[PDB]
Visitor: 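My structure is below; once you've seen it, I'll send some questions.
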Amino acid sequence: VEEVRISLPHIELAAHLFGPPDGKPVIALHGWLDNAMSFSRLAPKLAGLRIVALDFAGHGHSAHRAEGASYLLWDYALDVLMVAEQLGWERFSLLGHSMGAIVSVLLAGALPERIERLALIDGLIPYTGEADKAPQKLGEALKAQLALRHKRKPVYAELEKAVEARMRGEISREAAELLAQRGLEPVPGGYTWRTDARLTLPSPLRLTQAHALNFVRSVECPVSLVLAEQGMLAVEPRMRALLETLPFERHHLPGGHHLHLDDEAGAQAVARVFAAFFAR
Amino acid sequence: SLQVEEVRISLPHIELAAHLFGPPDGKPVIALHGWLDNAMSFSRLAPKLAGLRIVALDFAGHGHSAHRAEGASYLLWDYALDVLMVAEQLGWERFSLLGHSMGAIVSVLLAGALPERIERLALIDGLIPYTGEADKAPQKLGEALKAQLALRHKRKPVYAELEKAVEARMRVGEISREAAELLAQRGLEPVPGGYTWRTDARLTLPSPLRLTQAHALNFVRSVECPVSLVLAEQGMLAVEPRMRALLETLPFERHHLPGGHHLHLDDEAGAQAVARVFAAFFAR
Amino acid sequence: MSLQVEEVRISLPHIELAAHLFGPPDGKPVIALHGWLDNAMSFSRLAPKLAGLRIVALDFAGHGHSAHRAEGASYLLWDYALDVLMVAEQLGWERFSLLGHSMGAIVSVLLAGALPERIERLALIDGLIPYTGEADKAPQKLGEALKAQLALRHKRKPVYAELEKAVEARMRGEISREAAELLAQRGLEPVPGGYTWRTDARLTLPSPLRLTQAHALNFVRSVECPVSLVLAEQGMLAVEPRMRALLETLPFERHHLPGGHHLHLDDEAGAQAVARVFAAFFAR
Amino acid sequence: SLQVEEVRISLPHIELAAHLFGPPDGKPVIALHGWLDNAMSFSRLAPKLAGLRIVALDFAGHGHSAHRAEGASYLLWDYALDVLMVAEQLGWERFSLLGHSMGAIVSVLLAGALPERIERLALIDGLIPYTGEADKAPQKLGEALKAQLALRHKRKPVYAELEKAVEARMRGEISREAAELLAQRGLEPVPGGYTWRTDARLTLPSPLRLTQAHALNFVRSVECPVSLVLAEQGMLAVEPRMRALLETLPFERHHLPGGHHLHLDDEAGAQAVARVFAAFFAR
């Protein structure tokens, strides 16, 4: 049994189950618009771990949220905790990529009694926004909502065009293909990339810089952070300075933002860091 | 001869109840009530404001409005979207807001986020939310996550007798009997025991992320339209020197009136006192 | 002295309904059921005249101010029967009576024949059995139902710029002007162009599976309680003259009255006529 | 290169799960499983039907498809509507049905009601539902309504042990391998172990049965060729009314040794069903 629905009171999520049932409890959280197959290459190289690779709401094969509900970061955080409860987990670890890493940091800092450790791939804090611009951002969010019912879902008459659509938005062909297998939905024309139109909405309220700094400082468990030298630190070198103020174990590795999925090579690089980490 | 007075308003994500006051050609006003109250909050004030088309909206989870769907939150800017969507569904471009307590706070958020849309703000004994700083936000989100896990356990009181239900609404001068009776007519629901104050258990939840003090101040300083704020002499705001110091730096017109937090509902004289301010304000 | 509760939500597990409450809390418990596309104000003239009774004038799902059913749910006659039974459970009612007009009378009979230990009495207004269909046409009928379900996304609801054009629209659905007005107060919803008769597009769908004539007659035979039937001279018997003979085979009390199908709502005289019948019947 | 095998199909009112089998350009077939089963019911059969594009659909409330919304029914013609909407979502106008048990009953209803859409029926040990006449209909409606009131109270069993949950599946007759195949798509994790993911409303009795005349009228309105596989000693095969009825029908019958789940119990049983249906889809 490697593929299940997990029924929470408010939503039903999909998950793929990796590793043995006696292994260390881990939930694996993927990035924006991705899904659990983000851990195709990586989950099976971390033996000793019972890895539940969760589709976030509105991604992969998990349900779309009910009408009116938001896709904010702490809504995912609540989903993940309730997945843990529904499994009977008390303490567990989080393996996170990109947005998934950000969600993991929030949970760890909000509920340090629940999180045993963090294995994070090329993600840490959200894009932030300050109080002076907040009235303005809420207004943008309110207007984007009035346009929600007119959003488009593109259609690709053939699969290969669906795969390469995903590359122009950057990953390898095998990565795109692996995501597509869990990520595509048949429509009359052909396949579309299953998603919830609300996932493109601007947030009504970003965390300030002080909020994000406080979350990251509230983490109490060990942290292993893999940084793609062609990834996030290529896009934000102010991150470098913040990372120096933190105790997290940093490993810079070749590859891009999805280094753990692009290649067997990247995945094996990531796996060796995390296998070490999970063993101590 | 014909007057539609009670309606549903269909938003794409929720269906709300509203009571309509005034001539269909009056200045457009949406009235927003307080936490765990309902449209009858305005049952004495709205008839007294006779140039105005007042849409007295029940907020989600309140009065006769639907509860939100499973998993949806009840945050201030959730109400703000709903209110805006009500204006859309009514075909309103520009409109004014009349708000009591929490409804005043939602009004201020809306006005500061969408200055182009809000003509006027008439606020009763509310302005800014309770705020929380970033140093406690992680602990606050932990509390919210835990409260969500424990939400299953809460239950709603049942009153076998209606007078018991009104009496539970007053619990020694915070709200009058007449005020609790008016609210009770739109706020109670028959159950097997008798009556319950119709509500959503999720309205109990703590916010996962409070606005910071800086956030609250930026919203109130982004209000560009005329504002008339009425403060209850026997409420908390008119007593908070931190409120006085704030209002003194803002252009909002201010009036204090005898009475409690529900002064516009408690009796005719209060409603008329408040009417006198807002009727002059709207007549400009 | 105390203000009483007249308008409420009634929370069922799967839907939330609206009802208007008439009469003394200790009155004989009655649920009043209206016709297709009408609503609880179908009983606005008649209920106040039934002095002994505690009448819960229910909005059916998708009508008046009750919620529409969730995505994919059907509006078959027996779905209404369940909602009515669940309403009584939510009121704590063990045994109860029914007062039904048109489709409401039909639902009442289905309920009374299916669960006779709960229905004490039926008061029926110019309704008895549904339109039926035999097995030889069933595949065709389901086929039609599947095709209509596929075409349902394209249904839209008329918009009336003018309150009075929405009322006249209802007079050609025949019914007096004051009756259309009365129903319009509970049946109209504000939309951007003005007013729409609030409804669910699914109420236009054909049944996937009609009751056979034998079904209908067995539901009628299965009624165990006393039944009072009112027959409008220009109503049901003027459309289906076969009905007169079926009725002569049933122990239902029959009262022939003037007026059309909505004789209880068209005018004060119909309501007075109908009320003296039902008031006699409910005193026994 | 890699192919899409597991998918979500979005209908306006509900979201279903399906496994896709066979060549993209195959003869279009939607495969329909039986009561309380899922698409793993075809795990053995469908790979053996090589010319066919088989959309093995989880019925609402089963397998990995979503449960219906609050208040919605699980009646045979709600499944029929779903199957039709899935065909629309796939862009299929004419398509074939492969149905087991209740899946076969739903398929007959669809063919009989929309002859223009159904090209063939390949039915396994299913034909018409249990019927009930008008003289019992009020009693049945009342039982259905009393069942609805009491549904609230039922809670689903929880099996601390995965194999205890499988063994529960075994109580008609079915093999351990068929049970485990179904359990891979039909079990969900729960605080105390595992539960068979199912909607409780699936246990409710119908409010309104088809009469015998309805059922007969549906089977007799099927205008397309049908291949009916019967289990040799099943109730459908031997009850004199079913044999008598079936003798009057233009359907291609084949009685085969095996249980109600003969297409799933064992590879041998699947091969046997494959041969029949393979030939039938070739003509």
Side-chain angles (χ1 to χ4, degrees), chain C residues 12-15 61 67 69-74 76-79 81-86 89 109-118 132 134-147 149-150 152-153 202 207-223, chain D residues 11-14 60 66 68-73 75-78 80-85 87-88 108-117 133-146 148-149 151-152 201 206-222:
Chain C
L12 278 44
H14 57 284
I15 186 154
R69 291 187 191 295
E71 241 99 17
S74 46
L76 305 180
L77 291 169
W78 50 87
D79 303 317
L82 181 57
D83 304 338
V84 174
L85 178 65
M86 297 203 99
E89 295 278 300
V109 163
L110 289 195
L111 190 59
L115 274 184
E117 285 233 283
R118 338 269 323 227
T132 54
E134 302 303 314
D136 48 32
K137 297 298 211 44
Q140 181 177 79
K141 280 315 154 161
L142 176 58
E144 302 183 359
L146 270 359
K147 264 126 106 156
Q149 286 267 23
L150 282 184
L152 183 87
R153 41 169 38 80
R202 286 171 278 194
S207 191
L209 174 77
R210 264 176 146 143
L211 294 168
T212 73
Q213 181 187 241
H215 283 102
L217 304 161
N218 265 286
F219 271 107
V220 159
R221 192 210 211 56
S222 278
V223 172
Chain D
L11 317 182
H13 58 292
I14 189 159
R68 297 203 187 287
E70 294 277 344
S73 57
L75 308 170
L76 295 162
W77 50 86
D78 314 312
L81 175 63
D82 294 2
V83 176
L84 191 56
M85 301 204 94
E88 293 282 286
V108 173
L109 288 188
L110 256 184
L114 295 179
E116 55 270 31
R117 305 293 299 272
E133 300 301 299
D135 59 293
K136 300 294 188 223
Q139 158 210 63
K140 283 330 189 303
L141 176 55
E143 271 152 16
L145 295 162
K146 287 197 277 225
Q148 290 266 12
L149 296 179
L151 197 57
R152 305 160 93 168
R201 295 174 279 182
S206 192
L208 170 71
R209 277 188 173 173
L210 298 201
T211 70
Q212 189 181 106
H214 284 109
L216 290 177
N217 256 273
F218 264 99
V219 273
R220 284 184 193 303
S221 309
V222 174

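So that the names make sense, note that chain A is the first sequence line, chain B the second, and so on, each numbered from 1. Only heavy atoms go into these numbers, but all of them, side chains included; no hydrogens, no water, no symmetry mates.
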Visitor: Just verifying a value: how many Å separate C:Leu209 CG and D:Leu75 CG, rounded to the nearest 0.5 Å?
Guide: 9.5 Å
Visitor: Distance check, rounded to the nearest 0.5 Å: D:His214 atom NE2 versus C:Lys137 atom NZ?
Guide: 12.0 Å
Visitor: Pick one of side chain, backbone, both or neither for C:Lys147, based on which atoms fall under 4.5 Å of a heavy atom in chain D.
Guide: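 Interface part for C:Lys147: side chain.
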Visitor: Which bit of C:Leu152 comes within less than 4.5 Å of chain D, counting heavy atoms only: side chain, backbone, both or neither?
Guide: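 Neither part.
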Visitor: Go through C:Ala214, C:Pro139, C:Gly72 and name the one with the most non-hydrogen pairs under 4.5 angstrom from chain D.
Guide: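 The option with the most such pairs is C:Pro139.
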Visitor: Side chain, backbone, both or neither: which part of D:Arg152 has an atom under 4.5 Å from a heavy atom of chain C?
Guide: side chain
Visitor: Can you measure from CG (D:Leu145) to CG (C:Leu110) and round to the nearest 0.5 angstrom?
Guide: 9.5 Å
Visitor: Which answer fits C:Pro13, side chain, backbone, both or neither, if we ask what part of it has an atom under 4.5 Å from a heavy atom of chain D?
Guide: both
Visitor: Output the distance between atom CD (D:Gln148) and atom CG (C:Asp83), rounded to the nearest 0.5 Å.
Guide: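 Reported value, rounded in 0.5 Å steps: 9.5 Å.
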Visitor: Above 12 or not: heavy atoms from other molecules or residues under 6.0 Å from CZ of C:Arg221?
Guide: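 Atom CZ in C:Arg221 is not packed in, count stays at 12 or less.
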Visitor: Looking at C:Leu111, C:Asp79, C:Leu211, C:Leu150, which one has more heavy-atom pairs under 4.5 Å with chain D than the rest?
Guide: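 Among C:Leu111, C:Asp79, C:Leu211, C:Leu150, the one with the most close pairs to chain D is C:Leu150.
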Visitor: Just how far is it from atom CG of D:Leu141 to atom CG of C:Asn218, taken to the nearest 0.5 Å?
Guide: 12.5 Å
Visitor: Checking heavy atoms, do the side chain of D:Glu88, its backbone, both or neither come under 4.5 Å from chain C?
Guide: side chain
Visitor: Return the CZ to CD distance between D:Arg68 and C:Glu71, rounded to the nearest 0.5 Å.
Guide: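 It is 13.0 Å, given to the nearest 0.5 Å.
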Visitor: Measure D:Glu143 against the heavy atoms of chain C and call it side chain, backbone, both or neither at under 4.5 Å.
Guide: neither
Visitor: By a 4.5 Å heavy-atom criterion (distance strictly below it), what part of C:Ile15 contacts chain D: side chain, backbone, both, or neither?
Guide: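 C:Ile15 has no heavy atom closer than 4.5 Å to chain D.
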Visitor: Against chain D, work out which of C:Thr212, C:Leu217, C:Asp136 has the most heavy-atom pairs shorter than 4.5 Å and name it.
Guide: C:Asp136
Visitor: May I ask you to check whether over 12 heavy atoms, not counting those of D:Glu116, lie within 6.0 Å of atom CD?
Guide: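 Counting neighbours around CD of D:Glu116, more than 12 heavy atoms of other residues, nucleotides or ligands fall under 6.0 Å, so yes.
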Visitor: Count the heavy atoms belonging to other residues, nucleotides or ligands that lie under 6.0 Å from CD of D:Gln212, then report whether that count exceeds 12.
Guide: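 No.
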